Amino acid sequence: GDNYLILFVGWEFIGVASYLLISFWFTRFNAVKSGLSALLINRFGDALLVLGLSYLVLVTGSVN
Amino acid sequence: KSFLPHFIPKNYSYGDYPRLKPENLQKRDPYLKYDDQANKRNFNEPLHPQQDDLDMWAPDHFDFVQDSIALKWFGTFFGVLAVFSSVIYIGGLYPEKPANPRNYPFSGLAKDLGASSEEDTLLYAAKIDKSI
Amino acid sequence: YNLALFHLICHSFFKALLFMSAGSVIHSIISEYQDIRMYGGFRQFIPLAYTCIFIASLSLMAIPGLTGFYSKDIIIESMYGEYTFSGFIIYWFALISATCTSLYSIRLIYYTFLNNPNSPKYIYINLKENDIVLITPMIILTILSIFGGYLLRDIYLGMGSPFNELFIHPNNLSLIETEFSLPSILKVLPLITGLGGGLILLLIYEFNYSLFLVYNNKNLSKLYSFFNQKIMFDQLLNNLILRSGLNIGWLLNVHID
Amino acid sequence: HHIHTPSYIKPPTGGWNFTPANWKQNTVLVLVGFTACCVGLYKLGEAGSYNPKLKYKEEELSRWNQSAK
Amino acid sequence: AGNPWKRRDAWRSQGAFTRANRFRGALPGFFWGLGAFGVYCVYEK
Amino acid sequence: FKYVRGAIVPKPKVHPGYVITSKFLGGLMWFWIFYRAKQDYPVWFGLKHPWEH
Amino acid sequence: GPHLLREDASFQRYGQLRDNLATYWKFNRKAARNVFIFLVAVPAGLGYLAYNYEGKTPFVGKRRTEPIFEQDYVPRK
Amino acid sequence: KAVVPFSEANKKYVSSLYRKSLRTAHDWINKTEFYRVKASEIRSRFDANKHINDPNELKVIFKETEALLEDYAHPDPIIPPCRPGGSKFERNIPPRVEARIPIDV
Amino acid sequence: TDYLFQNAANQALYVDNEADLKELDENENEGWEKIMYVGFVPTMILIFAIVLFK
Amino acid sequence: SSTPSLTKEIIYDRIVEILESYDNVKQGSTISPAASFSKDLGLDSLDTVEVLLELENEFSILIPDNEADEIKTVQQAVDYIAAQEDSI
Amino acid sequence: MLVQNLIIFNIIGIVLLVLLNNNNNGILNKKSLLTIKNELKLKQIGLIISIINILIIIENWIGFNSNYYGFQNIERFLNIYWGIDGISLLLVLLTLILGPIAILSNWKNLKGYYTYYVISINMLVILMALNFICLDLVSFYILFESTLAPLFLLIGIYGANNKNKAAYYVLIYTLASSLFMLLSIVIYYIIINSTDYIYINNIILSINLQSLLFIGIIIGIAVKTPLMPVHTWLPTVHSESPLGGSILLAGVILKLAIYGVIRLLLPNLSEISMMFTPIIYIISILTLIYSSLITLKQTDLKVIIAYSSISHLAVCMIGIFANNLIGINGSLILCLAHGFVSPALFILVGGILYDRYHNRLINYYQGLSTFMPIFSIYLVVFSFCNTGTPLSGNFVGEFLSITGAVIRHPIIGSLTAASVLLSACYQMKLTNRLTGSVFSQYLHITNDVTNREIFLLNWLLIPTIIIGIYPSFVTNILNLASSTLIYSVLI
Ligand SMILES: CCCCCCCCCCCC(=O)OC[C@H](COP(=O)(O)OCC[N+](C)(C)C)OC(=O)CCCCCCCCCCC
Ligand SMILES: CCCCCCCCCCCC(=O)OC[C@H](COP(=O)(O)OCC[N+](C)(C)C)OC(=O)CCCCCCCCCCC
Ligand SMILES: CCCCCCCCCCCC(=O)OC[C@H](COP(=O)(O)OCC[N+](C)(C)C)OC(=O)CCCCCCCCCCC
Ligand SMILES: CCCCCCCCCCCC(=O)OC[C@H](COP(=O)(O)OCC[N+](C)(C)C)OC(=O)CCCCCCCCCCC
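Residues numbered from 1 in each chain as written, not as in the entry; some residues may be left out. Chains lettered and ligands numbered in written order. Part of a larger assembly, values for the part shown. Heavy atoms only, no water.

cryo-EM is the method the PDB entry states for this structure, with the resolution given as 2.8 Å.

Under the PDB entry, chain J has the name Acyl carrier protein and belongs to Komagataella pastoris. UniProt, in its Function (unreviewed entry) section for chain J, records the words "Carrier of the growing fatty acid chain in fatty acid biosynthesis." As recorded by UniProt, the Sequence similarities (unreviewed entry) comment attached to chain J reads in full: "Belongs to the acyl carrier protein (ACP) family." (UniProt positions renumbered as here; feature names shortened; annotations may be inferred.)

In the nomenclature of the PDB entry, chain I corresponds to NESM (ESSS) subunit of mitochondrial NADH:ubiquinone oxidoreductase (Complex I) from the organism Komagataella pastoris.

This is the structure:
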């Protein structure tokens, strides 16, 4: 991607696909809870990543 | 051995709701046979009012050591690295720079670093090569 | 940034090889065990998987001539070449990290391939290498884990190479003081601690394993338990942070909502 | 081997080792369709891509900077 | 009784699992690499 | 398949392809390690500079 | 129709209790402390911060007017 | 409940302690020859107290034994992969065999 | 015209049959398919066309 | 290839090897499927436990205490091992 | 050519259904043919009525000018002036779209009286749609509270076990609060002699009077979004109202509060809106944070969805009160996106699981992907849409609302970014449980998602993705209308 928002699209679906891959054996309790752990911790970074992009628009008016 | 997680009340009085000792279903024996084998629960077994904090879907509880002992070790580990870092700083044992840091010509590359004139030379230039 | 990118590219090749070969060992054993304590004496039964692990481990250990050496050894040098208080402290942390990198690689190899057998005899009479389809990516990665770093070093680590995408301020270019001003001892110190430290660990395991029966000593048991439980961070994260965050919702639900 | 209840459980991704009897016929129908999309992507990519470092001469940039002053 | 499992653990250190046979090949192709390097030196003289 | 009681495991006889491939892969690494040592051991340890020859 | 769900008495009592926790709530000192924190103390902290920096953050296109790096190096010797 | 020496219940309770003693030893000791020495040492510490008649004395040892097991417990015990707590536990569990019940939704 | 012009005698015969015939017995022919795929789906296409080619 | 299945013929050939290699087994003590442990083989409480621990290690399983106490003969062990999907 | 056609056609539609169904009610002991197949021919006519209502606004949409400032399609009807601008046009389309969806949701899951339900649903859709095209405060309030009468009876008749409590909550919470808004409207008609939108926007009242008017209006709005601590009615209503009632309530009614801010606060009380903005942010931020944490402890399946709507609309309130175009547009985008995803979550929970097992407790469900793969696909996809994952309209609305909040208030507006983490915490914990582990031991295997339920999920998913990938369809209409709401004097 040529801007941070296109990066954020891949950034989020990376966690989505990893969540579906870690918990691939969804009949196993540990895999199900492990996939949730990876997703929620990565979403914590995504929340800060959104805040950084918002400040980028505030200061420069662009994400390119 | 095992101990209950935090914020689990010792007592409660919710009217006529049955009062049972809080049990973490994660700690139950898995080699037994249950009606719900995945959750280690038998049919019609009563639930604690906060059973959602004491079941398999709750966060996994670690009971190898007490939290106070686990936090004592955690602080001790980083405490060692803190003293090790401060001693080298206060003692000043880290090596000196072998040479003068890198210098650059043209007033320290001021114009190439976004400077406009001599007023903003020090605002943008790197370390200026004073020896032409 | 050039150093980080080059080590990132090289690491993607030999670390993937380690996971592929590790999964090849798990498939080779019939019980599909994953604990290395139940392994032992696999070197002769699965030599092709062992060589992939052995080559990947040496590349990981920055053995000179391999991809990891040209990508990882320069970064450790750059810490001392920064010549600041933080860089000097991180250099020791990186130096110990490099020493441990060789230590757990030898320990992992010895338990899985060189230790006395721990699994039942029935496992070894049915222990065979996997098919060609599994092997094929590992061989391709193995070659890239030997020659890849040497060929690509000048692209990313060459002095003056144009990489305008990664911006380095003129005041932050320390590729000269890292390359020349370093004492000759620091150039080989990670190698000495790696190979020499690994040999000491290997000798203790083979002939004096009674030292590592750490269940006797109380301090060793706590130290082993503390690092085996991963700095107790998982317990602290769950029992304190996650539990309290859930209790705040419970307090909000009960006392407010 | 086992029982998977395949009579009604028909997910898009197969449901416990599923391969239709006419798998060869559909595979060819997919390979041709897949090939027809890579070529279409290639033609769209070539006709739409451009070099961002060559769309303006350096002389043009000098005039832009001087006017912006 | 001292080690009532002597006759069961014998196989774990005999035949393929002897100390010599376990490490006989711990460095894959070390001498093969020496030979090629030794041949390369003669080819470069 | 039959299990033989009290029989020690002999040296395994793997397929010749696996043994030859493993030695060649190791041979490639060791040769390359020595080849770079023959040409870069001064520069590696700081005993000499690359331009000096 | 066919009652596809095997109703559990313990689950129903657990569900009914959660939906009717308001019946047994008591405004004791424990409840008052939690009410004060969430409805008074926490809003006051945001209330002070919101107005303390209200109209005092001109971050749109903020410019740098101070050099970042040091010109001359002073050795520790 | 009181302890009944030389009974059937006591044999199961003692055998439960013996399994925990040897399984714990197997976790810490990763070599068979070093494990046999500890395994035989534990039994030599078990047969020594086999000739004890007073239940009151036997209660103390059971209390003592259940504290050594908790003190020597390995933080990462060895578990078979398909057993509870294993790596392959609950992996690809076959679906429940039951005929569907149609409903006019 | 059967829902409005039929008399009481003819209408009652159909309904008694319908309850018994339905009793003698998936999730198809519910009476919404023709309405939605002729009225609703083309309407959404028109909305899509407006935001595209207006 | 994987393990060539696990029939009771191969299961019996492996449990017998355990009893033969156990020195605490009484002298003579013919090993047959019908043979017991306390009587036919001469095993006390703790000796039988060690046999079961080798039994679970041999097939890479874990035998619960409740199920262990129900295994007192050789045929019961063969049947118990057979009735387990994770016996390898 | 809009309000006149919409009211007359729907009134004729109401009369047509009443005449047909109630003709033979005279103790005839009759059977009739209209009542065959659960009154299929009466449900079909009502469904056709909802579809035609959409075509009515489309005809006026063709003539809509996105480059024209001010209200368009100005019309006099019932002594009331009606008009359409960019913001009103999109909200009307969303309301009418949910008409057929709400009816189709309860096609064959009602115990009876389908004709009464169909008329009530269509009446609610039109009344809410008319509330976006009225051009005075009095007409706004009339349509704002006229929906209570059909909704109170709808919940009390077709509701769940606790329908009686839910009917009292919605009737009393939304009326006692709206009466405080009526007081502010009455004040406008006393001191200005008019409540017209254009007339009152040009009048500057005293700073003390604007404070009194803002409080009266905001009480009615804050209860309706809803905001904490006047939100407790919403979880009760959703958990007991019928599925079609939940769709309209979650998809349209809660959006009237955001539209109410646009009409009743920003252009007429601009000076006091700037002063109240820090207070609104503090309330909305706490509403967002508290609701997410409270959702983590809920056990009712439909209640969890109800609390999720509270957190999202807190972001909408934050965005709409930002004094920049980015925040205002993002709030409007999020309202449209929430108007599709939120009903879908109720359909998955209260329309698919409930219609099969009739129990909303969470403990009865786990591992539903084993025998309901189609259900799990939509459940996972809509769960990610609800959490603000990109390619969905919710992400576009949330990101712009958060960005606009930071532009409005960099320090405390940054706290709105916590919605990215908190929303994923409760939404995925529910989805991870419903799909993970083995199939529930308390459930019998039954049918997966049927064709009718597939249609509802697909045509609620499609608008979300289109808006998420290409929101310029929405932004182009909104840009001129939304730019009028900004109050700033840069010198
Ligand atoms: C940019 C985004 C592009 C996404 C497109 C990718 C292809 C989609 C494939 C769908 C079919 C599928 O895999 O879901 C269905 C499969 C079917 O199970 P099965 O493997 O056939 O075996 C069947 C054995 N059961 C029956 C025991 C499962 O699994 C499931 O029920 C998993 C439940 C969650 C599905 C999540 C779908 C992906 C979410 C994406 C979020 C954006
Ligand atoms: C070479 C060409 C390459 C590209 C191929 C493109 C293939 C397109 C798909 C065709 C198959 C199809 O539409 O499948 C539809 C599927 C399959 O289930 P069903 O049809 O309902 O059958 C079951 C019902 N029964 C039993 C009554 C017959 O439905 C779904 O649940 C789809 C749910 C949506 C999943 C994806 C969401 C993505 C969201 C984000 C988007 C960026
Ligand atoms: C936009 C302006 C509209 C205003 C007029 C609407 C129609 C009024 C009712 C007259 C006809 C009638 O009472 O008929 C009853 C109809 C038909 O229901 P049914 O199932 O056939 O009746 C049952 C007979 N069975 C069982 C034999 C089939 O149901 C209704 O009550 C629907 C309309 C009223 C909904 C809201 C009621 C409260 C209104 C409060 C206003 C503030
Ligand atoms: C400014 C923002 C205002 C927002 C709305 C204000 C609160 C609304 C409460 C809903 C009541 C309800 O629903 O009435 C129904 C409830 C029924 O109670 P129940 O749920 O069955 O439980 C209680 C029954 N038991 C114990 C048997 C289980 O009867 C009441 O309580 C009757 C009194 C209601 C008076 C409301 C007047 C409000 C005045 C205006 C604000 C000062």
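A. Molecular detail of the pattern of salt bridges. This model, assessed by the stated rule, comprises 48 salt bridges over all chains. Two residues, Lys 11 of chain H and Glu 8 of chain H, come together in a salt bridge whose shortest N-O distance is 3.6 Å. One end of the pair, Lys 11 of chain H, and the other, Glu 8 of chain H, are both in helix α1 (residues 8-28), three residues apart, so they sit about a helical turn from each other. Under the relative-accessibility criterion, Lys 11 of chain H is labelled partly exposed at 33%. Measuring nitrogen to oxygen at the nearest pair gives 2.4 Å for the salt bridge that ties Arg 360 of chain K to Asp 300 of chain K. Residue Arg 360 of chain K is found in the loop between α14 (325-357) and α15 (373-386), and its partner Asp 300 of chain K is found in the loop between α12 (270-295) and α13 (301-320); the two are separated by 60 residues along the sequence. Assessed through its relative accessible area of 13%, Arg 360 of chain K is described here as buried. Salt bridges sharing common partners tie together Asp 52 and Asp 53 of chain B, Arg 243 of chain C, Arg 18 of chain G together with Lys 297 of chain K. (Salt bridge = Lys/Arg side-chain N within 4 Å of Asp/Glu carboxyl O. Helix = DSSP H or I, 4+ residues; strand = E, 2+ residues; numbered from the N terminus. Buried < 20%, exposed > 50% of the residue type's maximum accessible area, 1.4 Å probe, protein only.)

B. Structural context of helix α17 (residues 418-435) of chain K. Residues and elements named next belong to chain K. Relative to the 26 Å expected for 18 residues at 1.5 Å per residue, α17 spans 26 Å between its end C-alpha atoms, a close match to the ideal helical length. Along α17, the sharpest kink reaches roughly 25°, centred on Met 428. Counting buried positions over the 18 residues of α17 gives 16, a clear majority of the element. One or two positions beyond α17, positive phi appears at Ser 437, with a value near 65°. (Expected span 1.5 Å × (residues − 1). Bend = angle between axes of the 7 residues up to and from the residue.)

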